[PDB]
Amino acid sequence: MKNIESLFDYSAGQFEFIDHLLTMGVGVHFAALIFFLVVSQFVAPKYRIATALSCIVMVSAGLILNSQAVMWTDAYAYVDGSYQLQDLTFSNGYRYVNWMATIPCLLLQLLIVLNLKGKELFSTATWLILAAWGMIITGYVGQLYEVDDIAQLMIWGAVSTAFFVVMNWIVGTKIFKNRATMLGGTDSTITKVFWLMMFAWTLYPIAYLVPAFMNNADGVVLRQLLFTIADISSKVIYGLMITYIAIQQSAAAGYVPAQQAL
Ligand SMILES: CCCCCCCC/C=C\CCCCCCCC(=O)OC[C@H](O)CO
Ligand SMILES: CCCCCCCC/C=C\CCCCCCCC(=O)OC[C@H](O)CO
Ligand SMILES: CCCCCCCC/C=C\CCCCCCCC(=O)OC[C@H](O)CO
Ligand SMILES: *C\C=C(C)/C=C/C=C(C)/C=C/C1=C(C)CCCC1(C)C
Ligand SMILES: CCCCCCCC/C=C\CCCCCCCC(=O)O
Ligand SMILES: CCCCCCCC/C=C\CCCCCCCC(=O)O
Ligand SMILES: [Cl-]
């Protein structure tokens with residue numbers, strides 16, 4: 001009852017559209033999990049953990065979209081021509097707790113294909129995960145108030161975006177200082193991966209703000225549409241490119257399974 005979803009009745013079309021976005025989301029992630037599984041054999045040992053983390057992200061994200069889709073259909077019932085709330089079982093908080101695990105996985109695979117290792121891998125990962133967790137936690141607290149205190153949503157949103165800015169400055173500094181280490185021509189590819197990250201990750205703040213500029217049932221639909229665009233791009237497309245870089249660098253490094261697959 002702390003999220004705006006609880007404030008509205010939905011038409012069958014709005015409800016069915018939301019249910020379809022979530023179920024379609026589950027399908028995409030599990031279908032890509034198999035891709036990442038099958039291509040791990042074509043990735044050198046040095047980079048294989050990068051594709052394994054993609055598998056982890058797929059299942060983690062797929063289970064939570066699956067969970068949301070079922071919570072969505074348990075929470076509402078078609079009564080008198082509309083879908084009305086029946087039980088307190090749907091909430092976007094589940095997305096936030098899940099980012100605590102999936103965002104580190106997405107960051108760690110980027111550092112691995114950057115060829116960071118040892119001391120600098122450990123320290124860089126620690127500061128990035130610490131900052132990402134401060135982004136998520138302050139964001140989590142803030143969205144508890146999207147119904148009751150929109151001013152406090154904005155202030156937690158401002159504290160969260162400060163970690164977001166610092167976190168991306170670390171990522172960008174590491175990519176642009178290490179892109180000359182990369183092989184197979186992937187110095188060019190990693191930069192686009194960074195701009196794709198910038199685009200897809202920034203959609204989550206927009207969805208976070210929907211309650212402020214569109215607190216209605218159509219805003220609920222839009223927010224889930226934006227999560228779905230962002231999920232597919234920050235997890236699946238991003239994963240495909242990370243796996244591409246991993247196999248190309250494997251091939252340029254003398255890994256024959258990688259050379260034959262390409
Ligand atoms: C009373 C209210 C309390 C407010 C508290 C202030 C808000 C904290 C925000 C930023 C601090 C973190 C910024 C400094 C951390 C930099 C990370 C770093 O040094 O690592 C970079 C390096 O590239 C890796 O190898
Ligand atoms: C509460 C509101 C806070 C206001 C927030 C507005 C300020 C954001 C500014 C820039 C975006 C951050 C960009 C971070 C990623 C790019 C930086 C980078 O890559 O730096 C390269 C390095 O300098 C070369 O080696
Ligand atoms: C609706 C189902 C969606 C499910 C999604 C299924 C995932 C595969 C999709 C596109 C692959 C084309 C992009 C190519 C990715 C490049 C990575 C690479 O290195 O290619 C591996 C090659 O196949 C080794 O022989
Ligand atoms: C599933 C993958 C990712 C990378 C999810 C990323 C989410 C964010 C970058 C969220 C950022 C937020 C900010 C910057 C401030 C408002 C609260 C948010 C947590 C949504
Ligand atoms: C304080 C909370 C965060 C704790 C630190 C988390 C960062 C973990 C550091 C990196 C772990 C990566 C290990 C993978 C090594 C790859 C093996 C290989 O080269 O094949
Ligand atoms: C997620 C990104 C956050 C961006 C920072 C937001 C900056 C704050 C913007 C202007 C604040 C205006 C004050 C509005 C008061 C709202 C309380 C009310 O409803 O009366
Ligand atoms: Cl997730």
Side-chain angles (χ1 to χ4, degrees), residues 17-43 47-70 72 92 94-114 128-129 132 135-136 139 164 167-168 171 175 186 188-208 221-250 258 261-262:
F17 180 75
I18 283 165
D19 188 57
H20 289 335
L21 283 168
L22 295 166
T23 59
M24 188 259 264
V26 171
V28 171
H29 285 79
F30 278 97
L33 165 66
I34 306 288
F35 180 81
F36 295 117
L37 178 63
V38 174
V39 303
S40 47
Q41 64 184 295
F42 302 124
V43 186
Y47 298 127
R48 204 175 297 153
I49 178 174
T51 62
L53 289 160
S54 267
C55 294
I56 291 184
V57 169
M58 296 308 97
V59 178
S60 182
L63 289 180
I64 283 286
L65 297 183
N66 196 69
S67 168
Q68 296 282 107
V70 180
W72 188 242
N92 300 280
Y94 298 94
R95 285 185 186 270
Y96 282 73
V97 185
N98 201 75
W99 296 338
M100 296 290 289
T102 62
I103 288 182
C105 292
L106 294 170
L107 293 161
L108 183 48
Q109 74 189 149
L110 177 64
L111 309 176
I112 285 168
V113 303
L114 266 186
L128 284 163
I129 292 168
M135 193 198 326
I136 303 161
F164 183 62
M167 187 215 74
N168 290 122
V171 173
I175 291 174
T186 62
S188 174
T189 313
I190 199 79
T191 292
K192 294 87 167 186
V193 174
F194 177 67
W195 286 108
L196 181 67
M197 293 181 50
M198 298 282 263
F199 165 78
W201 288 39
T202 299
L203 298 161
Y204 292 105
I206 295 165
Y208 170 91
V221 179
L222 175 61
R223 167 147 79 183
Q224 294 294 329
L225 182 60
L226 295 176
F227 282 153
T228 302
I229 293 157
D231 288 354
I232 290 160
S233 302
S234 70
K235 294 159 172 34
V236 182
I237 294 181
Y238 174 90
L240 283 164
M241 312 190 89
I242 292 297
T243 283
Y244 169 75
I245 294 174
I247 300 161
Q248 186 79 329
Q249 282 196 123
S250 305
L262 288 159

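What you see below is based on every heavy atom in this structure, not just the backbone, and it leaves out hydrogens, waters and symmetry mates. Start at 1 with the first residue, then count along the sequence.
- Considering every non-hydrogen atom in both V113 and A246, the closest pair reads CG1-CB, 4.3 Å.
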- Between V59 and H29, does a side chain to side chain contact (heavy atoms under 4.5 Å, CB included) hold up when you go through it step by step? CA-CA 7 Å; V59 178; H29 285 79; over 6 Å; no
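- For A132 against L107, the heavy-atom pair with the smallest separation is CB-CD1, 4.2 Å.
- Under a 3.5 Å cut-off, the side chain of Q224 and the backbone N or O of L22 do not form any donor-acceptor pair.
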- For the pair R95 and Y204, evaluate side chain to side chain contact (heavy atoms under 4.5 Å, CB included) and give the outcome as yes or no after the intermediate values. CA-CA 11 Å; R95 285 185 186 270; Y204 292 105; 5.8 Å; no
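- Here the straight-line distance linking atom CD1 of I237 with atom CD1 of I229 works out to 10.5 Å at 0.5 Å rounding.
- Annotation for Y96: atom OH counts as buried by contact number, over 12 foreign heavy atoms lying within 6.0 Å.
- Closest of all the heavy-atom pairs between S54 and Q109 is OG-NE2, 3.2 Å.
- Contact between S234 and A200 at its shortest, heavy atoms only, is N-CB, 3.9 Å.
- If you take CG on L111 and CG on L128, they are separated by 6.0 Å, rounding to the nearest 0.5 Å.
- Put simply, the side chain of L53 reaches to within 4.5 Å of the side chain of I112, judged on heavy atoms.
- Rounding to the nearest 0.5 angstrom, the gap separating the CZ atom in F30 from the CG atom in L63 is 5.0 Å.
- At distances below 3.5 Å, at least one donor-acceptor pair connects side-chain atoms of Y238 with backbone N or O atoms of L106.
- Annotation for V236 and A32: closest pair CG1-CB, 4.1 Å, computed over non-hydrogen atoms.
- By the 4.5 Å heavy-atom criterion applied to side chains, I175 and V171 are counted as neighbours.
- A donor-acceptor contact shorter than 3.5 Å links the side chain of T23 to the backbone of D19.
- The shortest side-chain heavy-atom distance between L110 and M197 falls under the 4.5 Å cut-off.
- Rounded to the nearest 0.5 angstrom, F42 CZ and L262 CG are separated by 9.5 Å.
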- Could you walk me through whether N92 and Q68 pass the side chain to side chain contact (heavy atoms under 4.5 Å, CB included) test, one step at a time? CA-CA 8 Å; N92 300 280; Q68 296 282 107; 4.3 Å; yes
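- In this structure a side-chain-to-backbone donor-acceptor pair under 3.5 Å is missing from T243 to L240.
- In this structure, the separation between CG on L196 and CH2 on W201 is 11.0 Å, given to the nearest 0.5 Å.
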- Query: Can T202 and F164 be said to form a side chain to side chain contact (heavy atoms under 4.5 Å, CB included), step by step?
  - Reply: CA-CA 9 Å; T202 299; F164 183 62; 4.1 Å; yes
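- Atoms SG and NZ, on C105 and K235 in that order, are 10.0 Å from each other to the nearest 0.5 Å.
- In plain terms, the two heavy atoms of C55 and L37 that are nearest each other are SG-N, 3.7 Å.
- Between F227 and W99, the ring planes lie perpendicular to each other; the angle is over 60°, past the 30° to 60° tilted range.
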